[PDB]
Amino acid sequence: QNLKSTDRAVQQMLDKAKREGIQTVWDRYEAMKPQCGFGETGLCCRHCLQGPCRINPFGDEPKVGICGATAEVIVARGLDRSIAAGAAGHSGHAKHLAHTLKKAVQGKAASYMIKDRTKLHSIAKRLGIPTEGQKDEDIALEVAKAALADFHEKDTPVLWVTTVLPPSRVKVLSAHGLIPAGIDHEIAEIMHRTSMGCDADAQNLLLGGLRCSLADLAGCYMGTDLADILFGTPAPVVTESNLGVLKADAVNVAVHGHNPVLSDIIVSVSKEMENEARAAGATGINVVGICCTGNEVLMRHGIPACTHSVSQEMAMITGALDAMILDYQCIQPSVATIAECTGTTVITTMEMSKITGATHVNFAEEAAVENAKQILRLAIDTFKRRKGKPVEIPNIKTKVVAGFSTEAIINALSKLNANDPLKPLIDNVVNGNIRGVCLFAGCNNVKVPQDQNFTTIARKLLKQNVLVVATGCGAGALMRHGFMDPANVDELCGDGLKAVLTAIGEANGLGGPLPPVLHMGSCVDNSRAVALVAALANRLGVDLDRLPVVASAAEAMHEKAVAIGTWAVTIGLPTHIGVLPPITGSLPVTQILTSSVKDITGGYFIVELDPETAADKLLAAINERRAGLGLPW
C-alpha cells in the first residue's frame, strides 16, 4: 500500500477497504491502465462533431486534425480550456462570497457579518474606495460591488489584478496585452477562441491562456479578501491532522469542498449543539476538515484536518464518519456510493454541485443557522445508527501549527523590526540564512504515490535553507508528515533556516521556532503568497522575476492547479509541475511554456516528474535569481 500512499493512516484504511471489497480511487486507476496516450500527450481534440481527432506523437498519419488543426494548436487549445475551467472554479467561489457579503450588509443574512473591519478598510483603500466618513456597511457594499464588477468589461481592467501586483509588473503584462478585461469575459473568450475554426496560432493561443490565468489569480485574491472580511484574517493556530483526529465517541462531521460560507457556520453551530449531541450518546460534535474548506476552518478556527485530495475516501472507510458536508470542487463522486457501505451521510448543499445518491440540503445564507442544524441533526441520527458498531480509526495524527496569513507573517517579522518588518526577512536572504522561498501548491494525483513528491522536494529545499510556504493539498501533504510541527525543525531544517525560524519564534513568545513550513491556507490563499512576494518586491524596488522565489505544484491534478501554475509563471516565477500536463505532444508548445515565456513574463514552467531532480532544478532556479541580485549562493 506504500506504492499507493506514503501516509500510514491511508495505508491502514486501504487494507480495510481491500478486505471489505470497497473500491477506491487507486483501484479505479488500476482499472484504467493503460491510459490513452493521445490524451496524455495532448494530441486529442473533440471540439467539434467531426472528431475525435488524434495525432500520433511519432510515426505516420494521422498527423493533423480533420479541420487542419496542427499538434501545436490542438495542445494549446486543450491547455487554454483547462485554464478557463480553473478560473471558473476559483472565481465562482469568489463570486459566491461577494454575493454573501452584499447580503450580509444589506440586512438579508444576519448569520454573516463584517468580522475583520481592518481588512475591509485596507481592501477598500487598495481599490480606491473612500472610507473616511463612511459607514462600514456602505464601504463593504462598495467592495462587494467592485468584486462583482471585475467579472465583466468596464472602464477599468480587473482591479483584483492591477491593484495587487507592483506597477512594474502590471506594465510588463499590459505591454503584452495580458491584463484581463473581466474574469468571466476572459473565460468566455477562451472558450470562443478555442472552438473549431477560430484561433489557430500557438503563441496567440497561449498568450490568451496567460491572460485567463490572471483572471484566475483575481478570483483567488478576491476569494481570500472576501473570506477574510467575512470570517476573519487567519492568525497562528495550533491543531492536528490525519485520520486520528476522528473520535469514535463523537459525532464526526467532515466539511469538504472549497467555499467556507457554509462550513464556517457549521463550525459555530456545532459548538452550540453539543448538548443535543450528548443527549444522543456522543461526547459532542467533532468537526474535521477535508480539502480546502477544511483548510479554511483550520486556518481560522483550528479545526483539525482529517485528510486531503486523493485519500478523501479513506475517512469514510474508518466507519466513524457520520456526515460529510459538501459544497463544490475536488469531491470524488465515489463518496456517494461508498456511503452506502460505510454508513456515512453525504450531504450536498450547492445548487450547481449535486451527486446522485447523496442527500441535498438547499443552503441559503438567509437560512444558514437553520440549515446547519438540519445537517448536523442528520449527522447525530447517523451517529446513533452506529451504536455498537466497531470502527477502525488509525491512531495516527500530527501536530500542526498553521494560520500564517501574510498579515500574520508580517506581524511575526515585525517583532524583529517594528517599523520595517520585511527587512529581517530580506536581511537573511542577503546573508544566506534564507536561500529563497518556495511555495508548494495544488493537489495530490493518483499517478504519484501520495505525498511523495511534496515531501521529497521539501526535505531537500529545507536542508538548503529555503523558506517553504504551502497551501491547499500541498499544505495537507506537508502537515500530515510533520512539516508543520516545530518539534521537527532540528531534523528538517538547515542551520541558517533554523536560526531564522528560531529568532522569529522566540521574538513571538514561543520559546521555540516557527514550524518548518508555513501554512498560508487554502488554494485561493495562494493569493496570500502573491501578496507577500509582491510586498517583498516593492520593498526591494524590483519585479517578482528578480526575486529568489519559486513555486511547485508537485502532484497537480485539478484544472484549478493548472490555472494557478500558469499565473505563477505569468507573474514571474519559476514554476515546477510534478505531473505531466498534456503538452508533450507538441515540442513548440513545450518550448514556449518552459523557455520562451521567460522573455515575456520572466517566469517559466519546470516540468519534472522525478522529485529529487525537481528539487535540484528548483534550487538552481533560486540560485540563478540570487546570482542576478549579486548575492552569494
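In case it trips you up, residue 1 is the first one in the sequence shown, and so on.
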> On average, are the C-alpha B-factors higher in 535-543 or in 385-393?
Replying inline: 385-393
>> Comparing average C-alpha B factors as deposited, tell me which of 593-601 and 564-572 sits higher.
In response: 593-601
> Which of these, 82, 444, 295, 131, has its C-alpha atom at the highest B-factor, as the entry lists it?
Replying inline: 131
> If you compare 265, 196, 439, 484, which has the highest Cα B-factor in the entry?
Replying inline: 265
> C-alpha B factor of residue 617, ranked within the chain: lowest, middle or highest third?
Replying inline: middle
>> Please say which third, lowest, middle or highest, residue 5 falls into when its CA temperature factor is compared across its chain.
In response: lowest
> Compared with the other modelled residues in the chain, in which third is the CA B-factor of residue 301?
Replying inline: middle
> Sorting the chain's CA B-factors, does residue 488 end up in the lowest, middle or highest third?
Replying inline: highest
>> Based on the deposited C-alpha B factors for this chain, I'd like to know if residue 18 is in the lowest, middle or highest third.
In response: middle
